[PDB]
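Have a look at the structure below, then the notes.
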Amino acid sequence: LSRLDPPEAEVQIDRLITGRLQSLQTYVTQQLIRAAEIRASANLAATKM
Amino acid sequence: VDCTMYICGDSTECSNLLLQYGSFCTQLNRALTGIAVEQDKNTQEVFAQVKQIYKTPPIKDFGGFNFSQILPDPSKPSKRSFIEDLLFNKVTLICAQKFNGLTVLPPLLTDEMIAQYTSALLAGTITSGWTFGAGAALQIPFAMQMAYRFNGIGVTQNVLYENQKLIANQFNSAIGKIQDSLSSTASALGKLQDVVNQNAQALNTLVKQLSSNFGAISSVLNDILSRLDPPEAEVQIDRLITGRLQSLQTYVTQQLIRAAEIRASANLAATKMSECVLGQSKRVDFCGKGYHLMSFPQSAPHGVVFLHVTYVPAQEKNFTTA
Amino acid sequence: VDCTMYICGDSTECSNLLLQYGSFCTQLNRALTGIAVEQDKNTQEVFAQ
Amino acid sequence: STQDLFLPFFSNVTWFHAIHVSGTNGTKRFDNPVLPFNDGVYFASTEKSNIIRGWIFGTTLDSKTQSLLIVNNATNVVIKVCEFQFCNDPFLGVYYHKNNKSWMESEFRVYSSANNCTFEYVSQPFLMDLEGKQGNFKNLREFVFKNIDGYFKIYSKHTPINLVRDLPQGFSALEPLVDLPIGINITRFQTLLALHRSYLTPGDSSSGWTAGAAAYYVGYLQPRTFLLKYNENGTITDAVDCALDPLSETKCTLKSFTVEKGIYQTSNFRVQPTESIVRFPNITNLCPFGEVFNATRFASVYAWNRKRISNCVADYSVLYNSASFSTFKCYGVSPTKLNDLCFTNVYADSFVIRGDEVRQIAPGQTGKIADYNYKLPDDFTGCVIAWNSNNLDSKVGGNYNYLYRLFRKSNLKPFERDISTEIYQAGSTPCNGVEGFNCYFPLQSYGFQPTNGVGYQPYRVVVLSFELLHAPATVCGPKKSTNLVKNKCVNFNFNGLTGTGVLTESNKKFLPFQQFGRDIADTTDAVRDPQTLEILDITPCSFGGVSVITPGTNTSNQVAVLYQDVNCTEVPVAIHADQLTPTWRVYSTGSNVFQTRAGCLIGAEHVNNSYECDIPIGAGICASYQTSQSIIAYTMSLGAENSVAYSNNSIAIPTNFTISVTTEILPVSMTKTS
Amino acid sequence: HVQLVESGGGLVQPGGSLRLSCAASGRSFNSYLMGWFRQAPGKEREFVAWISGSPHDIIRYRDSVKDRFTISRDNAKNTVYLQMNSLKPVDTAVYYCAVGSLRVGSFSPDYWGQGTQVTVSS
Amino acid sequence: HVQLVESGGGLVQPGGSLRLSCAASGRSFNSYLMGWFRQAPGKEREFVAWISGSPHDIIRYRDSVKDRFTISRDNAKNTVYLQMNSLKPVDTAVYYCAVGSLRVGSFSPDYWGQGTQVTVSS
Amino acid sequence: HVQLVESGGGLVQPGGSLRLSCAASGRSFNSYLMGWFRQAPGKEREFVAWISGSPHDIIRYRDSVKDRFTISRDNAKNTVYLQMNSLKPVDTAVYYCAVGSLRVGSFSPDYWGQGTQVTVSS
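Chains as they are written, first to last, in our numbering: chain A, 29 to 77; chain B, 39 to 360; chain C, 181 to 229; chain D, 240 to 913; chain E, 36 to 157; chain F, 36 to 157; chain G, 36 to 157.
Quick look at the structure:
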């Protein structure tokens, strides 16, 4: 932001936002899948108990 | 899937640009490796449930019960049962799509080893009842094993001995009917065929996504680079990389979800093997419909088949009761 | 969800541009149809016993 | 894990000595040559009398270019940058002479002059002193010199040693010493030593320089990825180079110096195309050049016989290499490369002329023959070929069956031919139709006889002229088309289709109008060679990954390498033979090479026996380290064989029991983050 | 429709140098000869130079423009570059670029552009 | 490597203003001086103006053009600007952009561009 | 801030033709009149032509340029074009595009650009 004026900082920050949002979305999807697996494991543990 | 190779095909500039995206490729490779290891674990858990490899005696004298339809056939080049061979022949490239880092890894357990595990389970069930599933294998005549099974379902063991011939004939006829139905039916193996079709279609879609321009002037890295000088090749290759990476993310997520589904199916199959083959399950409609007597595993390509033998009341009569 | 029209509502230019992205819409439609069939299968399995 | 210039582990570096062996039968060694700087230098010195004193860096080490000088003279450290005029044998002159007292340095013979100075330091010691003790080399000094983006960085380390030769096996990190903001372009460097005057050395009095026992080692840094281990206090207590051996790569990938038993995918290997292939449809039917060249009858020079060439391909390499022609003049064009181009109009003009008149057949030539019988254009990309014809155009009595035109109204235009009986008449002396004074007939008699000299003998000359037109060209030469290579990965270009694969014989039957071949995924599967009609398949190069099968580093460091989905012959071609010499090519090939269904396994010995699967390789194959100990690959055994003693009247009733407790682990929750 | 466009003209005093360029479009010019012509005011048009697009570059110049004018071409861009060196006032004229064929070994123009003025005076 | 690219050339009337800008890439030029030179055809390239990239920017001009062809520069973009004002026919020339260092207090060009033709005619 | 940028100027031989261009940005110009004004060296500003953006394009020409200069405008791009035919040295001048409003039936300029070039000489 400091090195460049707002007009192109616009597009550059947009690029950074896109990349970081994609990374966060991938992390959340992986977390959801792992949480589903852990829920299945916890259900099995509760049934065994 | 080799993420770097798939996104960038032997293109140094494309690889350098992709390096700026971080560790997405490593994460996807890790996910795929985990999926493969999970599949190997599923196969091992479902089939590797017998401590020793049991085998039936050379002479098959089980008091009229005939298991030739499910026991291994030495005559055939592969030691498979009739039903197992029918199943394998009924379910029906790898290098053809191996152009973009797409490599299929062989399973740890070959089909022959899975068939051997199934044969060992069958021998243990036939010659030892459920004893081999809870410790040392204890021999018992199959007539007495069926008597125990009848006692399990609330029926006195005697009726088997009065009707041993009839029960054996019914069992043999039912097994033959299963063979005939599997041979003469087309949609019997829908589950495995559906799984294979889904995987193949996902791979085909992933391969075809490369042809898409994704907003670029063309979908070939060499064409982009040769025609345009580096400054605009930057943005063109970046667009192509973004599109291909998004497609690969979608493919990996779909594979993860389908692998979770397959893991659930494999866990259910292992539970059935433990409770249906290695013992007489009291659960209703778990090991088939009706009063469960026993079950016989059968190896299938990327799957398992259970032949649940159950006791079903046949002919009724009204009585006055107090 | 009709992918082709959700992104591009009666916009020929938008549809033509989306065509360049490949078979994303087809894949999403297939996933949704599979979910629907799975719901029908669940309803059949639970009650039609 | 850091990617920076490092000295590869277990490298093999140069060794230099400075010593005068006792007696006249010994060696008198003064190793101090100018060495390249490359991208970085590692310097080590094992010493006891401190012969080393500094270094020189620069490109030419003369007044032409800037240079850097570092020297220490027993109480200071001086760093200078100047256009020094270094001597060819610089050094520091130690003197046992008692000029003032004790040993001192008095002959500073490093550089003749210092000019254009940029800066100078008087920095504090590397001391060291001017002592001349003997015994084992009691000090070890290591230096790393780097020059990047206009900055010169110096790292150093000092340790005591009890060695007499080579370098210690210990591990130590070189802490930074000094960084200099200098834009110099170091490319060559040289070492400075403290020589002793033989004229004034204890016991020795002969004139000359003698060097005390000194030994230093020089190595060159390369761009390497290292895995450095920082301890509690931040000191690098250990490191691993991620190029030394498969075990090192496995450690680097796992980011751990300890690896557990298993198989890990460390890297991916790709087989590149060897050199190239390019292919276009070679040629149409050959042109009839033989008819004009080997023509039964040749017309006169004024009536040169012309044959038009079209709908064919020019070909004259068979006759060009024969060297049977007295002249093969191709003006302004290569004699052979001209054929590789499209030509809309091609002509072959044949005529018989005197040997001396062959020189007149040139583009732009003017004379009684060129301007009246056969005129060539300036833009003559053709070739004029002339050969003797005395064996056919000569007989007893002579030949009088040729004519040449000498008189005409104007010079002939290029490729202009005109035959007429009109009598040429002088402008000032017209004849009005008769052959009068100053009036001559255009044609004159011409012929040859056996008695004529070599220059006067008949010569057959054929000119192959080519010109370009807007209309499509029919006589075309193909572009660069190389020879076909099969069963060998290469980058091919078939009629604009660029691809990389292996061309092999195929049994597929295309159709006459079909050239390409595709599969369900719409990828090039087979191709027909346009030059010669046959079908060749297309296959990927190698793809596949590399997995390092290894037991735990605890137990043993021996490892095995697996290359997925490749024949065991392509392993050394996958960009191998370039890793560390003694650690990687051993696993690249050698003995105990096994071809598993999952790929090629190296470093593991196949065993007939079958055991419980230890390390899963795939396709029913597993590897174990136990047998002297070595990695063995085998077909895993699916448990111990058993056969229950089954009969129709035998039962087994247990007589005892055991209470067995078993442990089951089940995750119940994962860390709940936001 | 084959079209030719010139550029690089202007005023250059004697002793200077210039670079004239012409771009040709419409079809491939591999088998075409590309050259330049000039015509001073009040004088008939005269041939300047031509060069061939073949792998072997055949090049020509008029007698007056020998060793002082240079002509080159690029087949990739279908462009012809002409170098003026040691220009004199006699060089003042309108310069045109021509695409032609090689007929009877003589450069025969087929397509012409609009031309650019190149003036040489103090 | 370092390259200089010009832009804004053409022809302007006597008394009509113009602007020529040349961008410099490759490296930084904060220790350099951004400048311009002009070469009237048939003559020797004459200085025009130079400007330093410093907090106290120093500017030089050429006698014939002093206070008329204003010069400025940019440090972030590394470009030189030349604002030509109220021109006369004598100003016709090929203007080059020069990148150099201050040696002995004199602008010493180090890197040069390809130039551009700026013409003034009635 | 309304901005006007000119272009399309250059040199043309006597009896030739040229085309100037001015692009207007900043606000709508449907109710604005775009015209051109020219100044020759040592002479004052003289009106050349103007055109209206209304559906009925009212166009006015200076008699000195009547039947020789054609002025047109495009409301889609808010760009005014001026085509010159049968150009003569008298037409040499710096042409500034002007955007204004119709007051009392007379074109009243409101925004001015930096001007372009037109020369007619040999």
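All C-beta atoms, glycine included, are put in the ideal place defined by N, C-alpha and C.
Assuming contact is defined by CB atoms lying nearer than 7 angstroms, are residue i and residue j in contact in what I supplied?
i, j, result
"residue 30 of chain B", "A175 of chain B", "Residue 30 of chain B lies beyond the range of chain B shown here (39 to 360); nothing can be said about it."
"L39 of chain G", "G148 of chain G", "yes"
"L55 of chain E", "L117 of chain E", "yes"
"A84 of chain F", "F104 of chain F", "yes"
"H91 of chain E", "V572 of chain D", "yes"
"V623 of chain D", "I600 of chain D", "yes"
"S589 of chain D", "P697 of chain D", "no"
"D618 of chain D", "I93 of chain E", "yes"
"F519 of chain D", "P811 of chain D", "no"
"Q82 of chain B", "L877 of chain D", "no"
"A133 of chain G", "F72 of chain G", "yes"
"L316 of chain B", "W168 of chain B", "yes"
"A858 of chain D", "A879 of chain D", "no"
"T505 of chain D", "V766 of chain D", "no"
"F687 of chain D", "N612 of chain D", "no"
"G279 of chain D", "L460 of chain D", "yes"
With a cut-off of 8 angstroms on the beta carbons, I'd call residue i and residue j a contact; round off their distance for me.
i, j, result
"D243 of chain D", "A257 of chain D", "Not a contact, Cβ separation roughly 32 angstroms."
"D768 of chain D", "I777 of chain D", "Not a contact, Cβ separation roughly 12 angstroms."
"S221 of chain B", "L345 of chain B", "Going by Cβ atoms, the distance from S221 of chain B to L345 of chain B rounds to 14 angstroms, so no, they are not a contact pair."
"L775 of chain D", "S745 of chain D", "6 angstroms"
"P855 of chain D", "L146 of chain B", "5 angstroms"
By the DSSP assignment, the alpha helix (DSSP H) with residue i in it spans what residues?
i, result
"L493 of chain D", "485-493"
"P35 of chain A", "34-76"
"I290 of chain D", "No alpha helix (DSSP H) contains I290 of chain D, which DSSP labels as neither H nor E."
"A542 of chain D", "Note, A542 of chain D: premise wrong, no alpha helix (DSSP H); not H, not E."
"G102 of chain B", "Neither: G102 of chain B is in no alpha helix (DSSP H) and is coded neither H nor E."
Determine the extent of the beta strand (DSSP E) in which residue i is found, giving its start and end residues.
i, result
"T154 of chain E", "151-154"
"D109 of chain G", "104-109"
"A228 of chain C", "Where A228 of chain C is concerned, there is no enclosing beta strand (DSSP E), given that its DSSP letter is neither H nor E."
"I164 of chain B", "Unbroken run through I164 of chain B is the alpha helix (DSSP H), 149-166; no beta strand (DSSP E)."
"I871 of chain D", "871-874"
"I45 of chain B", "From DSSP, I45 of chain B is part of no beta strand (DSSP E) but of the alpha helix (DSSP H) over 41-45."
Does the distance between the C-beta of residue i and the nearest non-hydrogen atom of the ligand PLP fall short of 6 angstroms?
i, result
"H815 of chain D", "Among the components of this structure there are no ligands whatsoever, and the ligand PLP is therefore not found."
**Request:** Check whether the stretch 853-865 of chain D touches the stretch 890-899 of chain D, counting contact only when three or more Cβ pairs, one atom from each stretch, lie closer than 8 angstroms.
**Result:** no
**Message:** So within the stretch 557-605 of chain D, which uninterrupted beta strand (DSSP E) runs reach at least 3 residues, ignoring any that extend past its ends?
**Reply:** 566-568, 584-593
**Request:** Specify whether the stretch 666-674 of chain D and the stretch 552-572 of chain D touch according to this definition: at least 3 beta carbon pairs, one from each stretch, less than 8 angstroms apart.
**Result:** no
**Item:** Every unbroken alpha helix (DSSP H) inside the stretch 365-426 of chain D [4 residues or more]
**Value:** none
**Prompt:** Does the stretch 675-691 of chain D come close enough to the stretch 709-726 of chain D to have 3 or more Cβ pairs within less than 8 angstroms?
**Reply:** no
**Item:** Touching by the beta-carbon criterion (3+ pairs, under 8 angstroms), the stretch 477-492 of chain D and the stretch 684-698 of chain D
**Value:** no
**Item:** Stretch pair the stretch 345-352 of chain D + the stretch 300-318 of chain D: three plus CB contacts closer than 8 angstroms
**Value:** yes
**Asked** Contact between the stretch 133-140 of chain E and the stretch 118-129 of chain F: three or more CB pairs below 8 angstroms?
**Response** no
**Request:** Give, in chain order, every unbroken run of the beta strand (DSSP E) that is at least 3 residues long and sits entirely within the stretch 436-474 of chain D.
**Result:** 453-459, 461-469
**Message:** With a threshold of 8 angstroms, are at least 3 pairs of Cβ atoms found where one atom belongs to the stretch 249-264 of chain B and the other to the stretch 277-284 of chain B?
**Reply:** yes
**Request:** Could you pull out every unbroken alpha helix (DSSP H) segment of at least 4 residues lying fully inside the stretch 666-750 of chain D, listed in chain order?
**Result:** none
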